[PDB]
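> Experimental coordinates follow, after the sequence.
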There are 2 protein chains.
Amino acid sequence: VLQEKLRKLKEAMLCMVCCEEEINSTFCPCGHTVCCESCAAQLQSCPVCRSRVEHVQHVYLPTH
Amino acid sequence: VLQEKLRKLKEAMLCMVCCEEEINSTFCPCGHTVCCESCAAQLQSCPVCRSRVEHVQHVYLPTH
Ligand SMILES: [Zn+2]
Ligand SMILES: [Zn+2]
Ligand SMILES: [Zn+2]
Ligand SMILES: [Zn+2]
């Protein structure tokens, strides 16, 4: 079955902190798209690379 | 069937212009993430919404 395939991909599309909303925000300049809009707001650094978040950019991946 | 799914999804991960390379960069402040590095460097305005690209941010997606 591929039901687990989509399950693995969709699970990759979820916020890496609150783990509830989908990824839709980028941390500039490091460019790590790993949070949702409301978790990106609180964080002052990248939870992945630890680089100072200068600005946040709301992305629009058409993976929906 | 689940072929259409994967297909559609993986197709949503392809550059919108060259259609060859994968989507890996976004437009600013635009937001639309629909091109690959090589196509983003060539464009002066967003293909989707038609707004002058002020800056291109490299994306780093948890799927690529
Ligand atoms: Zn979140
Ligand atoms: Zn980062
Ligand atoms: Zn391209
Ligand atoms: Zn646009």
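Arrived safely, thanks for sending. Numbering: from 1, shown residues only, chains lettered A, B, ... in the order given. Ligands and ions are numbered 1, 2, ... in the order given.

> measure the closest residue to residue A:12 other than its chain neighbours to residue A:36 for me?
The shortest distance from residue A:12 to any residue other than its chain neighbours is 4.7 Å, reached at residue B:62 (C-beta to C-beta, 6 or more residues apart in numbering or on different chains). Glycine gets a C-beta too; all of them are placed from N, C-alpha and C. Relative to residue A:36, residue B:62 is positioned 12 Å away (C-beta to C-beta, to the nearest Å).

> Mutual contacts of the two, please.
With contacts taken as C-beta atoms under 8 Å, 6 or more residues apart in numbering or on different chains, the residues that reach both residue B:62 and residue A:36 are residue A:23.

> And these two? Which one has more around it.
More crowded of residue B:62 and residue A:36, by other C-beta atoms under 10 Å in any protein chain shown: residue A:36, with 19 against 15.

> which ones are touching that one?
Applying C-beta under 8 Å, 6+ apart, we find residue A:36 in contact with A:15, A:18, A:20-25.

> Residue B:1: which of those is nearest?
Each of the contacts of residue A:36 was scored against residue B:1 by C-beta to C-beta, and residue A:22 proved nearest at 24.8 Å.

> does the closest one really touch residue A:16, like I thought?
No. Between residue A:22 and residue A:16 no contact is recorded; they are 11.0 Å apart, counting by C-beta atoms under 8 Å.

> re the thing from before, surely the residue nearest to residue A:12 is within a helix?
No. Residue B:62 is assigned coil when assessed by DSSP: H, G, I helix; E, B strand; the rest coil, not a helix.

> That one reaches residue A:22, doesn't it?
No. Applying C-beta under 8 Å, one finds residue B:62 not in contact with residue A:22, separated by 10.7 Å.

> returning to what we had before: just the buried subset of the contacts of residue A:36, please.
A:15, A:21, A:23-25 (16 or more other C-beta atoms under 10 Å in any protein chain shown).

> Which of these sits closest to residue B:10?
Using C-beta to C-beta, the shortest approach to residue B:10 within the buried ones among the contacts of residue A:36 belongs to residue A:23, at 17.6 Å.
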